[PDB]
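Read the structure below first, then the notes.
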Amino acid sequence: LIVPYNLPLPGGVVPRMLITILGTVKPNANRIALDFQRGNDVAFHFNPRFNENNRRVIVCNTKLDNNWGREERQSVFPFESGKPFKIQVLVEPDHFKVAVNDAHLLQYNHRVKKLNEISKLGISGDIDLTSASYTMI
Ligand SMILES: OC[C@H]1O[C@@H](S[C@@H]2O[C@H](CO)[C@H](O)[C@H](n3cc(-c4ccsc4)nn3)[C@H]2O)[C@H](O)[C@@H](n2cc(-c3ccsc3)nn2)[C@H]1O
Ligand SMILES: [Cl-]
């Protein structure tokens with residue numbers, strides 16, 4: 001698939017919706033981003049950073065009216081440059097639940113409350129993208 005990639009989420013997200021992204025991190029990657037969007041707002045920005053002051057960190061945030069909110073940071077970093085990955089995002093009633101390569105990574109409490117209006121997923125950054133899909137579990 002071409003990156004950046006836009007995956008429509010028809011009628012928004014709902015609990016029990018599982019989104020699966022398969023790809024490979026490019027060699028010498030710098031960043032990856034998944035952006036769950038409600039129009040121009042970003043309900044959930046998931047942003048692995050491969051070199052922030054020589055550390056690897058995952059940053060999560062929400063953008064409302066073009067302004068970023070309080071960052072939530074995770075030091076557990078399951079991505080490796082050059083290697084294939086699977087990201088699964090499970091929508092639960094109170095949070096997005098993220099697993100990478102079948103291991104739980106983090107939860108992100110819903111800041112944007114109108115789940116039915118979060119109708120696009122943007123995928124960008126330093127990856128080769130193989131597949132992006134969703135199903136109900
Ligand atoms: O909050 C998320 C946003 O962060 C900003 S960078 C942000 O800048 C601030 C000053 O304006 C602070 O410096 C902030 N900070 C917070 C901390 C901190 C927090 C706790 S200890 C240290 N140390 N830096 C730092 O993260 C990125 O630019 C945004 N971004 C990424 C992308 C993208 C596109 C394609 S792939 C990625 N498109 N927009 C997005 O990730
Ligand atoms: Cl809302």
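Across the cross-link table entries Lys63/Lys97; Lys26/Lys114; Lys63/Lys113; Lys86/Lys114, which are compared at the Cα atoms, the separations over 25 Å belong to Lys26/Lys114; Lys86/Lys114.
Please compute the contact order of the chain in relative form: average sequence separation of alpha-carbon pairs under 8 Å and at least six residues apart, divided by the residue count, as a percent.
This gives 43 percent for the chain.
Counting charges near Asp126 (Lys, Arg +1; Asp, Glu -1) among other residues having Cβ under 12 Å from its Cβ returns a value of +2. Over all other residues within a Cβ to Cβ distance under 12 Å of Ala43, the charged ones net out to +3, with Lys and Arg as +1 and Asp and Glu as -1.
With each pseudo-label sitting 7 Å past Cα toward Cβ, what's the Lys83-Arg111 distance in nm, one decimal? Inter-label distance under the simple model: 3.0 nm. Looking at region 1-57, the trypsin sites (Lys or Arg not before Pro) that sit in a DSSP loop and have at most 14 other Cβ atoms within 10 Å of their own Cβ are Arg16.
With Cβ to Cβ distances under 14 Å as the rule, what net charge do the other residues near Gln88 carry (K, R +1; D, E -1)? My count for the surroundings of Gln88 gives +1.
Of all stretches in the chain that contain no GluC sites (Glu not before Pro) in a DSSP loop with at most 15 other Cβ atoms within 10 Å, the longest one is 1-70.
Cβ atoms come from the backbone with ideal geometry, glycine included; neighbour counts cover every protein chain shown. No lab work stands behind these numbers, since they all come straight from the coordinates.
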